[PDB]
Structure formats: structure tokens, C-alpha cells
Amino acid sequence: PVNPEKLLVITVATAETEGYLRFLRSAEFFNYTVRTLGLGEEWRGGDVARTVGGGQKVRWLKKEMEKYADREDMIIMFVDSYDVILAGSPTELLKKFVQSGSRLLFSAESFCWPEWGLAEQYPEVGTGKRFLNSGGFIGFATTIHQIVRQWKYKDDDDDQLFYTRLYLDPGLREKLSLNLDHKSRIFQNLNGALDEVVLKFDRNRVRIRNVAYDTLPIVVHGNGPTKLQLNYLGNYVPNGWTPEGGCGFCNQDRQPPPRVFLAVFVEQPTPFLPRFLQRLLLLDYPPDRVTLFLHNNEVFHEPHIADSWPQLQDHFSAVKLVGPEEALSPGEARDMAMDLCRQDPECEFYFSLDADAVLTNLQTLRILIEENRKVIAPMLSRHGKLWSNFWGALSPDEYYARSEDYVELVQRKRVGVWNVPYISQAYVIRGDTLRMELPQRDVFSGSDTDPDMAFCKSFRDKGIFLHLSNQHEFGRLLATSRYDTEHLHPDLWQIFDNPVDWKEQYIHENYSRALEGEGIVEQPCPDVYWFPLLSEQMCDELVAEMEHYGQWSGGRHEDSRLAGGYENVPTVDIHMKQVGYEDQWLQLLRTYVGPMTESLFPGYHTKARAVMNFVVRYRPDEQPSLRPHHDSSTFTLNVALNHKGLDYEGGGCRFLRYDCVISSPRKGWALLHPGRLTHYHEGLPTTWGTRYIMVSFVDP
């Protein structure tokens, strides 16, 4: 049993990047001892992510190995650090190295790189990997020194070609007992073997298994174009996220805060923008520490921005607007806003927030700053669907692809802070990162690629992690796909696409409490029920949309009312069908009115059928009253739409068989009464002003 105190891990790292720090954490998890070579220096090995190189690694190792040229008691493993994580303990590692009977064991891979012609010189292996990979090897210090001391080449010569040529010396291979880890018992190189690797979970740690050879590798190496796949595994292996401990590096359970540049982007017509702009005043972060930047590309939203701008300017430390007259593309506007923070040393954090992002968590900015990341996004999902503001994987064309764990994250089965290839709509970026690591201005722009994709590729090309937190509930994403803007109030028609936000804006606030009972619903007359349904904004926008139509009812117009032996009781009204709002109003009936009817009349069942839906106008100049009648309905919904006293003087509804009068209707509230046989009723005259009501004859 080889003593673990005789094991030394040597790696190269010219800067303490997020990958290197990820490698170190995995090493400290198993109590390895690591020696890092080249931390202060500048990288002369060339563009290794692009071509061959890395000879500077060998040179540094050869110098380090001269202290250990005679230490037969020492085992030494060399690994890369930016694209490597450790999955197993030193004890299992040393036991597996002894089992190989080798004195210097290299990793094996599927490709003969860089010189593909040398493939013939390699020994034949039946089913394992055949060729050498210099990203990882382990052996005796004496044997390693005999190999690395033969280095005498340029800092930008290929390290792997150097090791490959020595291995392909049959006499030297036999003499020094050199071997390749063909079946990935120790080293797992991901390139060319992505379908062979799966996660293997445990209670408080995670590993990978090679399903082609049924092994449990110690070293995972995201070599070549497998950096993102390793970023995926790195979220779990070894203690990233575990079934019993949750995530391992997130905050989990939670004097002046840092100054922040808040950048808002309105690049398409977006619903409920006034509601968003009012939410900016509610974010729980000292506004004297926040600088607001708002790019509006839509002339449809200029009235919205203008209404809010006095409140915003009075709220934040400083504000700035770049409207549609500047003709900035989305990529030019995002480059400008981020570059405003980059060129301001007082900008410690840059917060980008898009128009379709609803932040239900008012502590989002704080939560994300405490995570102490370079780039981090909060998880936002389109309500009740899988689409969200991030990607878990990329296609070979670097377009969208679903990851093996995407659904578990969106559904918050596994919660934590995740390293993902793509984020959008809302993120917080360290200002220091913009100055020192992403100093160019062409972040979102420069190419034909989409601005939000160029932004993510810009950070990945620098090895910056894009973090995503579902540790908390942060909010949702609005559907903006087919926003119909040709209305006086286009957000009225948003009951199908954004029903959660439509309810918060238009349904009465105390509706839901009334639906659960507890003494809100009233019964002012026998079998007539009274409950809050619509909000004052819903009433005002519905009335206004009616007047904007203008074509009210006149003579020869017929309603489905019953008086005497004839259906000749009309009203001055507009039907939902005429204004194109019938389907929308029927949806309100199914969702909110129907369930209220089944609660108040136990035993009755409704699907909220209604062919007669219309708004009535009562005025002394034209028709101020409505004579007694029955409704062609099983039950009738009667909703006031304005204020008694402020907007009109006069009475409401009278039920004759009871001599009961609804003398003072309430604006948002609705009346529920049967339409046939028993509740013969009358519309008292409007003496001053104008009286608007909404009425549906449901279940005819």
C-alpha cells in the first residue's frame, strides 16, 4: 500500500481562473497536495485552445522535477488545471496505479494528435483507447524525470507531440515501463468519448462512470472541444451538487452596498411595461447606489417611459434614456450600456434587465451580488412551460440544445448555482471583469450572430463561467411573441398569453380572498350575490375601449330579455363581438366567474356559456333606465364599471318580487342572480352623468 503522503499533484496555471479554482476545490475535497507551476508568469505556450502548443508546460515541469530526480519513493501525477476535475481519492488512485504495473502511465484518447500519421506506430489495443494524451499522467518521480529532462524545445512547441515521440520509441517504452490507460481506469478524456461517460450519484458526492469499460475514473479531462461538457459535469463532480447536501458552493441560507449600473432594454413591444417601470421603484436595494440606463427601441412605449420618468429620475442616483430616435440596434445599445459601466471605476456591478423579465423577488439584486460570481443570472421561466432564460447545452453549431438535467433545473428538482453555456434577459456582471477580462466594446456586436448569443460566446471564449441560480424563486418571463398593439389598451387582450400578469392587473385584488370565503361575498337580496371581480384599471380601460369604438346601440336593436309576452326590451349597448373581445371575455367567465358561481350555488355546475355579453350605457339624454323583464339566462352577471356619485347619479337594480334594491353599486363588484322565473327586475333611471355596466347572460 503506497503512502498517500508520497503523492504529489503538479499542474500548470498562469492565472487563478475559474477553471483552475474549480480544479483546486476538487483536489482539496479529497485532501490532495497540489503544486502549481507558473502562477505569476505570462503564457508563452501559444493559443492552445486553437492549435498545438503547451511546450512551456514541459519546460516548467522539467525544472521542477530536478529536485526529485532521485526520489524513487515519490509518485507524481501531472494534470492540466483549466479543464480538469478530480473525481476520486488519492488512495483509490495509488491502488489503481499499482494495479497497472506501470512506472509512468499516460492517459489514452481516441484521436492520434497532432500527427495522425503516427497511428501505425502505436501498439494494437483491442477495445480500449489507443493513443497518448499529455493532459494527464502519473508515475514514479525518477521515471518522470528521465522523460521530462529530454525537453529542449520552444515554449510554443506541442507538448503532446513530445511525449508521443518518446512513447513510440519501442526500446524506451520497454526500458522505462511506459503505458497508456486504455480503458480509462484512472484518466477520462472527454473528447471522442462523450457517449461513454455518465454521472454516478451518491449520498454526499458524485462521480462519473465509463459505461464502455465499466470503470470509475479519477481524473476527468475536458480536452479539446469538450470544455462545456466538463462544465456540466463540474456542477456535480465531486461535491458540486449532491442528493443529500444540495449544492456545495452556493450560498443557500442567506455597511454600504456596492454601487450598481442598472440597464433596462426595451427591444420589442412588450406587455405590461408600465407595471415593469413601477416595479423598478420597488427593488429592495438603496436607490442612491443605483444608476439607471434605459434603451427604448419602440415608439409604442414612449408614452409609457414618459409617464414613469419623473418618478425614476427622483428615485435613482442618476438616470439616462436612449430613445428610438437614436436608431440604435439592440447590439449597439447593449454594448453602450455595458461600456458605460466599464469606463466608470465607481461601477462595481452591472445589472442588465430586459423588458420581458418579471422580478417577483424584490431582493434579486442583493441575492445575486452575495453569490460573489463574475457573471450570474437568476432563473426565470415562462409561466407553466419549460422555456427559460438559459440553455443547459449547445448543439454542434452552438445553437440551442436540451441538456440531460435541464428539466430538473427548470422544475427546481435540483436547486443551486449552475455553470451553463447560455444566459439571457437578466444577469449581474462584476465591473472588474469588464475592465480586466472583457475590455473590448464589441461584446454583443461585430458579427451577424444574434446579440445575446455573441454576448455569451464572448465570455466563454475567455473562460468566464456563466452562472445560473435557481436557489430561489426569482420571477417569470412574459410572452411577447404575438403582442397585438392595435388597441387603445392592448394589455386587455393579454388574458391568454400572460394570464398570471393579466390577473394581477385586471382582476380585483380581493377576488381570490372572496373565492375562499371569509365574509367578503354579500347577499344583498335573496339569491342575489355580490362579490368583487374587476379592478378599477379593468373598468376604466374597458369603458374607454368601448367609447373609442363609439357605435352604441339605437332603435331597432334587440336584446334577449323577456317582458310580458315579447322580447322587445333593448339597451343602448355594445356587444363584445363587435369590438373583437368576446373570446377574451368568455375566458374571464370560464376562469373567474364560473368557479364563483359553483361556490355560491352549491350543486350547480357551469362551463360559462354566454352568447349575450355587452356593456350598457345609461344617460338621461338617451336611455337612462330599463323596464322590468327577465333574462334569457340561467344566471346573470352584472358588473358596475364606474362610480356612483362621481360619474353618475341614479339607481341601480331593483328586484320586484322582493322589493329589494341595489341602490349603491360598487365599481369593481359584480351581481349574480338567476335570470328566469323568480328575479323579475328593473334598471332604475340614471338621473345625472353616465352609468356603465357589464352584463353577461350565461348558460342560456
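Don't overthink the numbering: it's just position in the shown sequence, from 1. Take the two forms, find the largest set of C-alpha atoms that superpose within 1.5 Å, and that set is the rigid core.
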Higher C-alpha RMS shift from the shown form in 8 other deposited structures of this protein - 244-252 or 120-128, rigid core fit: 244-252
Root mean square C-alpha distance from this form after a core fit in 8 other deposited structures of this protein: higher for 153-161 or for 290-298? 153-161
Checking the other compared PDB entries, only those that cover the residues flanking it, does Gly45 lack coordinates in at least one third? yes
For the stretch from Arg254 to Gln255, please bin the deposited residues that the model skips: none, 1 to 3, 4 to 9, or 10 or more. 4 to 9
Once you work out the mean C-alpha B-factor for both 315-323 and 554-562 from the entry, which is higher? 554-562
Comparing 633-641 with 42-50, which has the greater mean CA B-factor as deposited? 42-50
Maximum C-alpha temperature factor, selected from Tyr427, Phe276, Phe459, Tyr153: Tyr153
Note to self: of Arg209, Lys175, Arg185, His295, the C-alpha temperature factor tops out at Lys175
Within-chain third of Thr36 by Cα B-factor, per the entry: middle
According to the PDB entry, is the CA B factor of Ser134 in the bottom, middle or top third of its chain, that is, lowest, middle or highest? highest
Third assignment of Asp621 from its chain's C-alpha B-factors: highest
Taking the values exactly as deposited, rank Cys250 by C-alpha B-factor within its chain and report the matching third: lowest, middle or highest. highest
What third of the chain does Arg482 rank in for C-alpha temperature factor, lowest, middle or highest? highest
